[PDB]
Amino acid sequence: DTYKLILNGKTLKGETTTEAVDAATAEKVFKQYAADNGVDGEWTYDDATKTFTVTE
């Protein structure tokens, strides 16, 4: 299924999607995506919308 990441960093902001079999797999692309762009913050997830949010 399609999972989405709401990114709210200091220098980078936006939204990205990915295809994953479950939430766990989607978190571990999205929580590499954060690392990739030097984004370190607090995380939330919404199973109903399959949406991750990372905020710096």
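We did not get these values from a lab; they are worked out from the coordinates using the rules stated. Backbone-built Cβ (ideal geometry, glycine too); neighbour counts: all protein chains shown.
In the stretch 1-20, the qualifying residues are those that are in a strand (DSSP E or B) and loosely packed, with under 13 Cβ neighbours inside 10 Å, and the one that is nearest to the chain's Cα centre (by Cα) is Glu15.
A Cβ distance below 9 Å, combined with a sequence gap of six or more or placement on separate chains, defines the contacts here; from the stretch 1-24, residues that are closer than 14 Å to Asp47 by Cβ reach residues that are in a loop (DSSP other than H, G, I, E, B) and among the polar types (S, T, N, Q) in the pairs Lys4/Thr49. Condition first: of a type in the set (A, V, I, L, M, F, W, C) and surrounded by fewer than 10 Cβ atoms within 10 Å (Cβ to Cβ). Can you find one or more residues in the stretch 21-34 that meet it? The answer is yes, given that some residue of the stretch 21-34 is of a type in the set (A, V, I, L, M, F, W, C) and surrounded by fewer than 10 Cβ atoms within 10 Å (Cβ to Cβ). What pairs come up if the first residue lies in the stretch 31-56 and is within 12 Å of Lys13 (Cα to Cα), the second is charged (D, E, K, R) and part of a strand (DSSP E or B), and their beta carbons are under 8 Å apart, counting only those six or more places apart or on different chains? Going by the 8 Å Cβ cut-off, the qualifying pairs are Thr53/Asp46; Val54/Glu42; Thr55/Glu42.
Would you pick out the residues in the stretch 44-56 that are loosely packed, with under 14 Cβ neighbours inside 10 Å and within 20 Å of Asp1 (Cα to Cα)? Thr44, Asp46, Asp47, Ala48, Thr49 - these are the residues of the stretch 44-56 that are loosely packed, with under 14 Cβ neighbours inside 10 Å and within 20 Å of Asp1 (Cα to Cα).
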